[PDB]
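> Below you'll find the structure I mean.
Read the figures in this text as sums done on the coordinates, not as results from a lab. Backbone-built Cβ (ideal geometry, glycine too); neighbour counts: all protein chains shown.
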Amino acid sequence: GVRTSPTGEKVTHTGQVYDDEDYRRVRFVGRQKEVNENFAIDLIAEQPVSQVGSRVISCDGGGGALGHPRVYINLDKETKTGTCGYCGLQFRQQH
Amino acid sequence: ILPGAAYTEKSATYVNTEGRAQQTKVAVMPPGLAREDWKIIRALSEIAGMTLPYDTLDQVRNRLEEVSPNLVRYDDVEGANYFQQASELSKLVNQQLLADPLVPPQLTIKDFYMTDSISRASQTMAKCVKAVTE
Amino acid sequence: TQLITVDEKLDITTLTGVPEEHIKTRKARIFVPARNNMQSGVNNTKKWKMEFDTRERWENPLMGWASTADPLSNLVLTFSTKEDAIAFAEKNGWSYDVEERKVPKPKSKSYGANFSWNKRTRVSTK
Amino acid sequence: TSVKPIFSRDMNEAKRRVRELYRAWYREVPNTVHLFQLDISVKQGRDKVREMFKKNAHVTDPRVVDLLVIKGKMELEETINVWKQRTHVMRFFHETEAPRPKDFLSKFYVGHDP
Amino acid sequence: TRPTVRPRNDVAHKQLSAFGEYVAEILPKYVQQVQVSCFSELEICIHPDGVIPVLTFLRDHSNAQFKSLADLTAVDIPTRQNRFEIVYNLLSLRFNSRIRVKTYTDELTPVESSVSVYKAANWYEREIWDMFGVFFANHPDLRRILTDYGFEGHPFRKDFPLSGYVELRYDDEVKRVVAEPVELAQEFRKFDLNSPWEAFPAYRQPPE
Amino acid sequence: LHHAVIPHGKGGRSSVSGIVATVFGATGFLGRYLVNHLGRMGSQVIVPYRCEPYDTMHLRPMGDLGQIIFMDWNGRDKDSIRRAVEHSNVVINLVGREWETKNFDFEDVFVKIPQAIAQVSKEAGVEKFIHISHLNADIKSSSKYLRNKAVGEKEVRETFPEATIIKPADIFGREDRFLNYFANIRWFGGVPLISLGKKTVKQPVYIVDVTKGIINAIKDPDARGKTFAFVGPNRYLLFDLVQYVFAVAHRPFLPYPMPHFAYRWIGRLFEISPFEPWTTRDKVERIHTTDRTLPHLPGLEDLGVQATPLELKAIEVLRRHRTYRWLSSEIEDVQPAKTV
Amino acid sequence: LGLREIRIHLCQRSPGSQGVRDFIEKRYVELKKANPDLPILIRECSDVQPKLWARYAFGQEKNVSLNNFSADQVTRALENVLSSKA
Ligand SMILES: NC(=O)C1=CN([C@@H]2O[C@H](COP(=O)(O)OP(=O)(O)OC[C@H]3O[C@@H](n4cnc5c(N)ncnc54)[C@H](OP(=O)(O)O)[C@@H]3O)[C@@H](O)[C@H]2O)C=CC1
Ligand SMILES: [Zn+2]
């Protein structure tokens, strides 16, 4: 979801772009501002809310010892999904 | 506008309500071109042809000790005596009390957060005031 | 004899090679390092520290790093007594100031006073 | 306060060694200007040796000026023999630094330095 | 206490205690303390006027024979009044052991050079003039050995900071590598890693 | 005023100085020392380079990380000029050729390109433009160099009214074309001179003083629209100047007068080259043009710059051109020249 | 042109401030009743030498030491400060 600032320059996923009068655009004159166009928030908004049949769900990022340490998430609020702290996955109790 | 330093941006003697003199220490330097306050006033006296007899902060605190000698002795409350003479001086000016009741300017938690020139420019204090309204 | 009698001030400000720019224009601070309130331990309030006044830290225009020009910026020295720290500051000609030790006072902790008969210091919960 | 001396008992032998060291530098400076083929004259080098000796001219402790004679003789020992180079000799002559403003108003203008 | 604890050698502990008793009663003029560390290494703590009388004993006496000066070390400790602590490390091949002769000085008091005892110190204490500022009188060629030629100050002193007071750069005005006041690209980020819980109860010092 | 262009630091190499200077022609004589004296303050300097990139490599040790931005440009193209000056808060013009080539005459170097850079600097929001003319650049002068340079100066003054136009007389340095020129006529013969070289008066100025003047003109806002004139503190005749150069270089000096009409015929003998030519009649007409004195114009003393005389730095220039038999003769082992 | 402010510094416990202390409880009130527009700033510290400061017009100041003085000496010095106006 990369967008272009009104100075003609691409915006990072942090929110970094140089303004109109800032001289430090001159380091990109004739070269390119290398940014990543696969934003983390955009690629995790696509992931579905996992319906699980337990009150307390265990997340480890997948892979066992290849992901984040395994944390336990409470799922009592039906208003709010239970978002994992590390991986951005989120769960919901199905009843 | 002559932009000065904040309170975390200058070594600075402040005194509480009980007379205990304290000094701040420089956490970060002031942003942009803003200077320490008495540096601004000393340079303004150098421009205006009325050059003050100090350069650095030690000479400022020698001057400040000349004015009142508690402001450079930190973490030491100097107890003030002589209440009865101020009481005798107070009896001369017979002033009328008003019929208006004593109302403090800070009644509830909403009036607590935004008072001075730092707390009005804070978004955290804005969230606190907005959060204690409802 | 083989021993000389020197009654002068102990002055090695010309032998340490430190320039004048950072001998007379620095305010050394001798202080018991105050306890971090996140934790309860007092092992970092046992030995005195000499720090220096923080100088200018600016944005490196290429990378946003905190560039500096203070050579004595990252110097904190550990002393055991206040007399040795004051003698070290006066031996190097460093203009100093000393903040005294702020010990925690002895409290009067009683356990039955949480469950008193006629006092305001009862607990409403536990 | 009864300590061990290094070379001098009091300031008489200390001033003697300072004086002989400056004699050595005044004898040496034309050889330094010659073999390092510096663009300075002998007069400017001797002015710099005068400035380096008057920079430390406030010491009253005999051991401190004994060690200053020792460090000056080490500088002399590395100047007579070609162990220093043109850069090591010219580092005394601060040619490349911007001149540091001394008065208060310019120090107020250019930064936060007291 | 078996798998992950280093096994204790009481034999070298007892023998270094006995040899420390031996040296402390042979030399009561300069030997000030004698301590056997918990991993069986002896430290003979002497007086700075005893560099020549003690080390000539250990080099020559038929019960010591500390033939090789292995390492010579100053340890700058700023919280003392004799802030420098010259550490001699001696290796004895015949008795197959090591001893540690520690002594003290401040800046201005010289230490008598031990090149008349161990010629190996010809450079080592030379390094202590270059790094710390401990002057050694009656040394053959005493000068700097490691730092730059026009270098002012002594590096391993703890009042001397990590980065110095001069940096170098080539300057094409004067065609010369010149020394300028240091301006770092990034400030050295100091980390306050001292955890304020008391780590070792066997090393607690008594209070005021 | 933007926050990144506020000055910081002690004014060293890794300081921030708040100068964003596009130095056109920074690969030559004045540009080398100007990027040297800007990079020791911490200026985001744009170097537009025409030549081989390798010939600009010695501008890389002159600054911190990323303070020097090298970029291509062409003299007959306002696109790259606008591309280079649109982020600079000061533009400095150091474009010059002491001889004419096939692709560019004196006019395209001194009239077309400086007016092009000044017009594009006007229409891009630049605070300060600085042009470097010559002290003898006049419309009624004998050399096409000085005439084109005065025409281009008048154009820059009428197209950018706040341009600081600076007049150096005859700069000498280690890479000059003034003292090295005067020491490279032991090859051709006996350094021939027009009318014995006694009717022309010069005062050369040292490049560190001119560079300090240019940077103190950048810093001071009292330089908007002015016209400085950088001159040396001591005036010289040409004959004893050349004799002083050959006495510092310790060379056999036997001068002889070559006449006014036959020395341009030797001037055409060297400009038949597709290389950098050794000399030409334009260099002859510029050496034999005396330095005018302009009292109504400011100089180095009106920028807080103390001028360094010739007898301190001619040894620094001329230690290269000596043989081994007097390779290390001292500075005081030569007679000073006769000022007028 | 005239006096602007008086500053009187003294200790609490030192005997050198003692007569200065004997100036204040006995005679300061009718002093302040005599000088309504003139601020007379009493400043007590713990260890200072007793002093008497007088700021005049255009920033000039005068400085009188008060070490071990009694009440009449302090009183005469203060009325000289009042009557000087220099
Ligand atoms: N003796 C002197 O040096 C004096 C000089 N001046 C003036 O100072 C200025 C600079 O002089 P100086 O440094 O000595 O000269 P240089 O020859 O050393 O440098 C001039 C620069 O201009 C560039 N340049 C010239 N013509 C063109 C062109 N057609 N297209 C693109 N770039 C071009 C060159 O680029 P490239 O590297 O690609 O060739 C070079 O970098 C000139 O205006 C000169 O008149 C004034 C007084 C004395
Ligand atoms: Zn997870």
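> For F:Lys102, give me every one of the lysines with a C-alpha distance below 23 angstrom, ignoring sequence neighbours fewer than eight places off in its own chain.
In chain and number order, the partners are F:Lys78, F:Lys112, F:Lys144, F:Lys149, F:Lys283.
> Need one value for F:312-320: mean number of C-beta atoms belonging to other chains within 10 Å of its residues' C-beta atoms.
2
> Taking 0.36 nm per intervening residue step and subtracting the Cα-Cα distance, what contour gain separates F:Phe188 from F:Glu271 on full extension?
Residue separation times 0.36 nm, minus the Cα-Cα distance, leaves 28.4 nm.
> Restricting to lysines 8 or more places apart or on different chains, can you count the pairs in chain B with Cα atoms under 13 Å from each other?
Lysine pairs meeting the criterion: 4.
> Right, here's the next one. Using the alpha-carbon atoms, what tilt in degrees (0 to 90, nearest 10) does helix F:113-122 show relative to the longest principal axis of chain F?
Roughly 30 degrees, rounded to the nearest 10.
> What is the average number of partner chain Cβ atoms found within 10 Å of a Cβ in D:54-64? Write down the numbers at each step before the final one.
Working: counts 0, 2, 3, 1, 3, 6, 5, 10, 4, 11, 10.
Mean shielding count: 5.
> If I fit a long axis through the Cα atoms of helix G:18-32 and take the longest principal axis of the Cα atoms of chain G, what angle between them do I get, 0 to 90°, rounded to 10?
40 degrees
> If only Cα atoms are counted, what is the Rg of the stretch F:122-260, and what is its Dmax, in Å?
Computed over the Cα atoms of the stretch F:122-260, radius of gyration and Dmax are 17.9, 56 Å.
> When Cβ neighbours within 10 Å are restricted to other protein chains, what is their mean count per residue of peptide D:37-45? Can you show the working numbers first?
On the way: counts 6, 4, 9, 4, 6, 3, 2, 2, 0.
Average neighbour count from other chains, rounded to a whole number: 4.
> Based on alpha-carbon centroids, what's the gap between the stretch G:64-85 and the stretch B:44-63 in Å, whole number please?
29 Å
> How high is the relative contact order of chain A, in percent, with contacts defined as C-alpha pairs under 8 Å that are six or more residues apart?
Value for chain A: 22 percent.
> Determine the alpha carbon to alpha carbon distance for each of E:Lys175/F:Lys198; C:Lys9/E:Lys102; C:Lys47/C:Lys91; C:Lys9/D:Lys54; F:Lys198/F:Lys313 and list only those over 27 Å.
Distance filter (> 27 Å) returns E:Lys175/F:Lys198; C:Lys9/E:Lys102.
> Can you tell me the alpha carbon radius of gyration of chain D divided by the globular rule-of-thumb value 2.2 N^0.38 Å?
Working: Rg = 17.6 Å, N = 114, 2.2 N^0.38 = 13.3 Å.
Scaled against compact globular proteins, the figure is 1.33.
> Shifting gears a bit: With both bridge residues required to lie in the protein assembly as shown, what share of the DSSP beta bridges run antiparallel, to the nearest 5%?
Taking every DSSP beta bridge with both residues in the protein assembly as shown, the antiparallel ones total about 60 percent.
> Can you quote the Å³ per residue value for the convex hull of the Cα atoms in chain A, rounded to an integer?
Details: hull volume 13.7 nm³, N = 95.
Convex hull of Cα atoms, per residue: 144 Å³.
> Antiparallel DSSP bridges in chain F: what percent, to the nearest 5?
If I count the DSSP bridges inside chain F, around 15 percent turn out antiparallel.
> With respect to the cross-link table entries C:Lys27/C:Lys49; C:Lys27/D:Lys71; D:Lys15/D:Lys73; C:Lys82/C:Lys107; C:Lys49/E:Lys190, which display a Cα-Cα separation exceeding 18 Å?
Details: C:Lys27/C:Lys49 14 Å; C:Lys27/D:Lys71 29 Å; D:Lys15/D:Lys73 14 Å; C:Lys82/C:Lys107 26 Å; C:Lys49/E:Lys190 14 Å.
From the list (C:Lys27/C:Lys49; C:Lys27/D:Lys71; D:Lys15/D:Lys73; C:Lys82/C:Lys107; C:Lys49/E:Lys190), the Cα-Cα distance tops 18 Å for C:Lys27/D:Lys71; C:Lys82/C:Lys107.
> Still on this structure: At a Förster distance of 41 Å, what's the computed FRET efficiency of D:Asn12 paired with C:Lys82, Cβ-Cβ distance as r, to 0.05?
Computed FRET efficiency for D:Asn12 and C:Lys82 comes out at 0.60.
> From largest to smallest, what semi-axes in whole angstrom does the stretch G:15-86 give when each is the square root of 5 times an eigenvalue of its alpha carbon gyration tensor?
Equivalent ellipsoid semi-axes, largest first: 19, 15, 12 Å.
> Determine the shape class of chain E: with a ≥ b ≥ c the square roots of the Cα gyration tensor eigenvalues, call it rounded for a/c under 1.5, and otherwise prolate if a/b is greater than b/c, oblate otherwise.
oblate
> Right, something else. Quick check on packing: order E:158-169, B:70-81 by the mean number of other C-beta atoms within 10 Å, highest mean leading.
Those peptides, ordered most packed to least, come out E:158-169, B:70-81.
> Please find the FRET efficiency linking A:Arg3 to E:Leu168, where r is the Cβ-Cβ separation and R0 is fixed at 51 Å, and quote it to the nearest 0.05.
0.65
> Among the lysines, which fall within straight-line cross-link reach of A:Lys10, defined as a Cα-Cα distance under 23 Å, with same-chain neighbours fewer than 8 residues apart omitted?
Hits, sequence-local ones excluded: A:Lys33.
> Going by average Cβ neighbours within 10 Å, how do the peptides F:329-335, F:179-185, F:82-88 rank, with the highest at the top?
Result, highest mean Cβ count within 10 Å first: F:82-88, F:179-185, F:329-335.
> In addition: Compute the long axis of helix E:121-131 from its Cα atoms, compare it with the longest principal axis of the Cα atoms of chain E, and write down the angle in degrees, 0 to 90, nearest 10.
Tilt of helix E:121-131: around 50 degrees.
> In what sequence, highest mean first, do B:103-110, F:214-221 appear when ranked by Cβ atoms within 10 angstrom?
Descending mean neighbour count gives F:214-221, B:103-110.
> Quick one: what does P(r) look like for chain C with 10 Å bins over all Cα pairs, in whole %?
Going out from 0 Å in 10 Å bins, chain C shows 10, 25, 23, 17, 11, 9, 4, 1 percent.
> Separate question: Could you work out the relative contact order of chain C, using alpha carbon pairs under 8 angstrom and six or more residues apart, expressed as a whole percent?
Taking the mean separation of contacting Cα pairs over the length of chain C, I get 28 percent.
> Return the percentage of antiparallel bridges among DSSP beta bridges fully within chain A, rounded to the nearest 5 %.
70 percent
> In nm, to one decimal, how far is the A:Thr83 label point from the B:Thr17 one, both placed 7 Å along Cα→Cβ?
Placing both labels 7 Å along Cα→Cβ, they lie 4.2 nm apart.
> Through the Karplus equation 6.51 cos²θ - 1.76 cosθ + 1.60, θ set to phi - 60°, convert the phi angles of the stretch B:65-80 into ³J(HN,Hα) values in whole Hz; use x for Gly and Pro.
6, 5, 6, 9, x, 9, 6, 10, 10, 7, 6, 8, 6, 8, x, 9
> Quantify how much of the Cα-Cα distance distribution of the protein assembly as shown extends past 39 Å, in percent.
67 percent
> Explain nothing, just the number: relative contact order of chain F, from Cα pairs under 8 Å at least 6 residues apart, as a whole percent.
That works out to 15 percent.
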